[PDB]
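**Q** this block holds the first chain(s) of the complex, placed as they are in the complex; more will follow:
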Amino acid sequence: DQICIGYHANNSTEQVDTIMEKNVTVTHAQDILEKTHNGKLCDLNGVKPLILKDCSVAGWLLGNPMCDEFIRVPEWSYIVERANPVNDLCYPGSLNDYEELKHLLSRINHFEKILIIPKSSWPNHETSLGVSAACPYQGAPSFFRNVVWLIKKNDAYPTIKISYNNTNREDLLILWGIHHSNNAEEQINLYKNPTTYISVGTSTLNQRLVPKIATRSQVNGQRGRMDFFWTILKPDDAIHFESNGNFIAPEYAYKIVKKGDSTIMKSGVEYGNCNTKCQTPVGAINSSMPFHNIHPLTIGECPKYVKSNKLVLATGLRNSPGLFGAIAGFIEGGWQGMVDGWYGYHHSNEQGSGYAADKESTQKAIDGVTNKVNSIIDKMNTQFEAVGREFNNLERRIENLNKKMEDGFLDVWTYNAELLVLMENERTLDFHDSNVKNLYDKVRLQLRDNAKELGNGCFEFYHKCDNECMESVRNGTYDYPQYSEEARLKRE
């Protein structure tokens, strides 16, 4: 007639790691690293992204003739751009502050293209000969669709003086440019006047552009360049243009109608006719898990990115095939027969045997391990969220600074995650070692010298303990005096 203290054991093969030991099999565990993605680009909460295909942001905004799919773009969630889009700036040149404009586009979800300066507004200039083979459309030379390349009419280029007032309540993105000719003859053939200028002015802008007539290398079949510029015209402000040649005048402008969360994603992955709440350049994430290792740059409701390969929290006890010396100590193994709890008793009397779990000790441990898991997840709610930022060829130091800043915070938070899991896993296992010892000691305090301590977690009753007597030991109501006289005689 004996009663024993024991703990749970199942067929689990899951393994966690600690600072002192690796690959420790446990009865229950919780993974906290999501590792899978659908490998496709999807809608973000029902909103389809804007995929520019092989068109760049500059080609879409300036109106590259090969980017005509994007003339009435619907509202977008994020913008997908291939790393090297081919339909960018058909006529060679540049877009000034292109990276700063992309930063502004990252906070915009929708444009509304509006005609600001019609071609009927240039009666004494030619509007149809600003066309080049570098910008082909359907076999014929064309040009950017949103701006107009003005050239001389009747061998004369009168000084232009035009102003547009943003009578709209929304901010206006306006683009214009200057044409760099190649020689003194081409300058005359296109704009009679030899020495030319462009003056652009607003409340804030005070810009004067002068063409650089020099010999340059051939790009896209053209030795000339076209430098473009942009500005944000505030409501009830006006832009004032003055030029006597080489003026690439605005025709359409973009009304910033929707501002919100967006990003310019560099990706060649395909749209998969799907929806998601979390999107990465490599694919979309579908998980309730607190961490992921897919990609640092994410958008939407996303888990926090880490560089880990495995991250599993220990929630149960060390499974059987010790700071407190109970689990894998004087109790050498767990019981597969005890299924209703983590800790409990095995009784053996003449009426039979059976397993019984101590619900109070088990529920206290369940509440503790649940609070620890919940505490660790909430402690990582505020992590570093990497953002995409673009820099040019002469901004390498700043680009390198942005790389080390985002990578440095990643290694810091990756280390914080793996070390907190490593440390708290050791604590969780030793927390189970306590509750078993405290359960063994609680039974030991109740039985006293009425039973014998075998040393394996079992108590050999000196008296006779039936099923009701067995339950009273588990109850906490074992009556020592009721059986003291029989135990006294049983000794020798």
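**A** Received the coordinates, thanks. Numbers count the residues shown, from 1 in each chain, chains lettered A, B, ... in the order given.

**Q** would you map the helices across the stretch 251-400 of chain A?
**A** For the stretch 251-400 of chain A, the helices defined by DSSP state H, counting those that start in this stretch occupy A:359-379, A:396-447.

**Q** return the most buried member of the ones you listed.
**A** Neighbour counts (mean count of other Cβ atoms under 10 Å) averaged over each of the helices of the stretch 251-400 of chain A peak at helix A:396-447, with a mean of 16. Using the backbone N, CA and C atoms, a C-beta is placed for each residue, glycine as well.

**Q** residue A:45 - nearest residue in space that isn't next to it in sequence?
**A** Excluding its sequence neighbours, the residue lying closest to residue A:45 (Cβ to Cβ, 6 or more residues apart in numbering) is residue A:277, at 6.1 Å.

**Q** and that neighbour, how close does it get to residue A:36?
**A** Between residue A:277 and residue A:36 the distance is 15 Å, computed by Cβ to Cβ, to the nearest Å.

**Q** just want to know which of these two has more residues nearby.
**A** Comparing residue A:277 with residue A:36 by other Cβ atoms under 10 Å, the one with more neighbours is residue A:277, at 16 against 12.

**Q** that one and residue A:301 touch, don't they?
**A** Yes: counting by Cβ atoms under 8 Å, residue A:301 is a contact partner of residue A:277 at 4.6 Å.

**Q** put chain B onto that model:
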Amino acid sequence: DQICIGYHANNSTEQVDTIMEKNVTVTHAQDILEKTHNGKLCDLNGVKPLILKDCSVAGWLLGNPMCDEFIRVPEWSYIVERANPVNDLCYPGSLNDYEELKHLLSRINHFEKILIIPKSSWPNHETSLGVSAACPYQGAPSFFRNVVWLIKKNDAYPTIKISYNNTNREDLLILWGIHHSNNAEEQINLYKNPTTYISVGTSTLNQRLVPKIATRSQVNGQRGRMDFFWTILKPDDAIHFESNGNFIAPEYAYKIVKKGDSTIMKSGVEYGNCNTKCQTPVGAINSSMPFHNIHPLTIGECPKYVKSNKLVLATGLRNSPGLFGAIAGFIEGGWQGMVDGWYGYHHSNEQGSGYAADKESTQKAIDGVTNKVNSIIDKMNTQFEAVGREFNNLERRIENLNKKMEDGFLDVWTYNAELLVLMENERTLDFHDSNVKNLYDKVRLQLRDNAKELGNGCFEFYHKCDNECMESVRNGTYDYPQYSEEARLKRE
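**A** That brings us to chain B, laid onto the chains above:
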């Protein structure tokens, strides 16, 4: 007849948090988070700040006629500037490298405005007509007080050639400007010479300014603009000016007399006629706590900023209404009667009863807990300290980079603060748990079978233990031989 082992209990309602349990009431606790401020701006160690009111740094340095309170500024501890100062640049334009100049002002505590080029030095130019209604002073057109707007004299603007040599043995801040006229008629009306230039040359500076005569929008009633520029003239270096129009000559220069710790604070709160050692834009801090959650940007000897709402370190033990089985284990509760220490004894004999504390074990716990608290404070002595950095409209990428860097370190150090407190509170509670068990076991080894283990932390003496016998147990000097026979006789 009986001696017991127990622990302290009091009326404290202070609560600490652990990883496995929150809102744990403890006997003693130390708050380490300051959450209060006086809500006013004060002097820093007896030095009053420079409060520019509605004037900007540009308006103060250039000499906006509406900023005449600051023509002689005393040495300041920090600079206070409202978010959107009204006065600023009375005549529309810009101050080149404005944010870079504000970065140099943050390392400067005092200027000495000195007159470097008098209006006497301009014999063949008009020095008293360069005024505008955009810069009114007591109902009459005026201009920036530190520069002179030179215009033509006798319908002639001879080419200016002037040089100033820094003989003041300290660095000198010099400001000058260029005026952008609106048309060829206004250009001639003010300067006669139609094509103008400004050449500024030092040992490192080689600048050429040319007016941009164009059509702009009206700002402060003026369609013209005025672009200002600055340099730091090192001692024994000379600045060379040359211009034939549109030149805004320096009159007064700022002499850097004292350099030290300062900051350009952005706040709308008012001066409170107070002194402090720590100042934030929302208020001043008078505290000895190691942490605060007032504002990230502080100046002076300050606590370390965290984003925590509560940060309480557990110093005592779980208060009564663990890993080791003592506190809230076989010892059910604490003793409100023990007030001399954390752990001790309760004796009950024929002479009477009494509460006594174990000085040795209590002092050992006090020293460890005190060293712990001091260790947690010391490891946070080197934290990230945010600094104010300004950026213009075309530095959004870097400004966003700066915000993410400073916010990322705040989240990292906040995480370290709450997690270290969360983990060490758990350890502190088990530390008290073990010390009670180690004290109960120490008496257990002394008495052996001379007393009966009650199981609740009390020992029922088989023999008679008087007041000095009870003291021998607390001393650790209990003579088991002297009473072996009586205890054996009392056992039947």
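
**Q** and residue A:126, what are its bridge partners?
**A** Beta bridges link residue A:126 to residue A:151 when assigned by DSSP bridges.

**Q** so what touches stretch A:464-479?
**A** With Cβ atoms under 8 Å, 6 or more residues apart in numbering or on different chains as the test, stretch A:464-479 has contacts from A:1, A:3, A:345, A:347, A:349-352, A:356, A:358, A:442-443, A:446-447, A:483, A:486.

**Q** and residue A:94, bridged to which residues?
**A** residue A:227.

**Q** okay, now it: neighbour count?
**A** Neighbours of residue A:94 under the rule other Cβ atoms under 10 Å in any protein chain shown: 15.

**Q** pretty sure it is touching residue A:228, no?
**A** Yes: judged on Cβ under 8 Å, residue A:94 makes contact with residue A:228 at a distance of 6.8 Å.

**Q** please report the distance of the most centrally placed residue in chain A from residue A:41.
**A** The centroid of chain A falls nearest to residue A:298 when counting by Cα atoms, centre = their mean (2.5 Å). Using Cβ to Cβ, residue A:298 is found at 13 Å from residue A:41.

**Q** between the two, which contacts overlap?
**A** Common neighbours of residue A:298 and residue A:41 (Cβ under 8 Å, 6+ apart) are residue A:279.

**Q** go ahead and add chain C:
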Amino acid sequence: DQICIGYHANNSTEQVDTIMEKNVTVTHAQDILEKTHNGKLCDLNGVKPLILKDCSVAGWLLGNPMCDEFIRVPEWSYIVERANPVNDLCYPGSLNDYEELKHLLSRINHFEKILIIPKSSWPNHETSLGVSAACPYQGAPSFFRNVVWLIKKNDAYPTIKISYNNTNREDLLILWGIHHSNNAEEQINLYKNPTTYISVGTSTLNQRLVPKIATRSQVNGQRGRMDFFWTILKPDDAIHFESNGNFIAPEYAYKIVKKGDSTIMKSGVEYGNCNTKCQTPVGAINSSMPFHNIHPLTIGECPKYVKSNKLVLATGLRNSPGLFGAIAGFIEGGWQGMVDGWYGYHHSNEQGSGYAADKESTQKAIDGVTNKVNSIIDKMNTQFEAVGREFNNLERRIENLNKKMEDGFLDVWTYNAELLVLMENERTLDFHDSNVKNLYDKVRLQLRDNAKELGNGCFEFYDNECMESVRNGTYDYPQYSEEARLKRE
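**A** One more piece, chain C, placed on the ones above:
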């Protein structure tokens, strides 16, 4: 007639720190901080550094005469620049995007200087009169040697139109310059043409340069300025020059042969004809230690920089001059006569008295301790590595951002390293305490009433073979129980 439970003690003076206690003397400990360097500049994995001596990068690239001739410079592991090079630009001026060029050079391991434009290509201009006293060689006026200062010939400076095509298939670094004259007379005496320009054009460059003739302060005895510019000519691309005066024309250019990890180190300590895998400006480091405190800026496979002055991990026991009550508890002191392991027994019996160690208990402690130390060595490899980034006087906001960022990451990883050692040192000392206690209880349950629990860690039994058997885990309680009742009273 007794066997006892005890732990190791020795003569160790090594100290560790915990959060609750400082200067704790331990039996065994492992230092994990490197604090020594050779104080020399050495080769990195067999490759000698490029030491520019008293010369700047710009002086070497442009061809300062007082600088070394720097011909056929071999492949370098890293570049060494004095903090304030005394040569730099002999003729006063500037080099556009100098810091961005040095960033590019930090990612380049070999240059090959090639002659791109011969002086034979200037028939109508003077190619030998562009010298100044500000650029002296042999006490005679000279100039930068990778660039030519073209001067008028026969009171004439005809407009120049020249092009060079990059046929090499490696990227090319080309430098040109402009002279800012002092007075209109000087302009004519040197170039005749009064209004001058320089036009430079490539596939990506569209530059126009007009001289600024003005009065300046004199530097190196010259009031004129020589402003230099650079570009990277991609393969099968051409650079096109056009100027009617004030043109400092390219003569030699630098071909990018190898692009790899390198750095511009700001050091003045001497080359020591040594080899290392880790170099700092103060000296080189040879160490397997996971941390170092020599200098933040390092090149090669290096330990991780921390601002700590001491970092010692506790691998052994609290030495005799806890959460569990064994060490410094009911066992008051350790055994110096016990040299075989951390835990074990001392026996007193018929055959003699003997100290023996429990190898199974010690090995479990050794295995866990080494696993902890190795787990602390790792999880530290992915730290922050500081890079040298340069900024000019009007980029001070960004320089402060860079400095605060690099110092912030150092302070974070310093806090992480010290707090990890403090916390795990304490857990180690308690791990030993539990190990001893569990050993004491393993024999306690075994012997039962066949021995008396003395309370000092010793058991008073009521032979060598039996003594070893209890240490094995075997004991026949029936075989030895009877004498005990008689031995009692």
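
**Q** same as before for the neighbour count of residue A:94, with chain C this time.
**A** As a burial measure, residue A:94 scores 17 neighbours (other Cβ under 10 Å).

**Q** end-to-end on stretch A:345-363?
**A** Stretch A:345-363 has an end-to-end distance of 15 Å (Cα to Cα, to the nearest Å).

**Q** is it up against chain B anywhere?
**A** No: applying Cβ under 8 Å from any Cβ of the partner chain, one finds stretch A:345-363 out of contact with chain B, separated by at least 11.8 Å.

**Q** and the contacts of that stretch?
**A** Contacts to stretch A:345-363, defined as Cβ under 8 Å, 6+ apart, come from residues A:1-6, A:8, A:335, A:337-344, A:435, A:438-439, A:443, A:464-467, A:469-470, A:473-474.

**Q** narrow the residues you listed to those in strands?
**A** Under the assignment DSSP state E, the contacts of stretch A:345-363 contribute A:2, A:3, A:4, A:5, A:6, A:343, A:344 to strands.

**Q** so residue A:91 touches residue A:223, yeah?
**A** No: here residue A:91 lies out of contact with residue A:223, judged by Cβ under 8 Å, at a distance of 11.4 Å.

**Q** of those two, who's got more company?
**A** residue A:91 (24 against 19).

**Q** how much space between the more buried one and residue A:55?
**A** Using Cβ to Cβ, residue A:91 is found at 15 Å from residue A:55.

**Q** please apply the same query to residue A:3.
**A** Distance check for residue A:3 against residue A:55: by Cβ to Cβ, it reads 78 Å.

**Q** kind regards, and thank you for your time.
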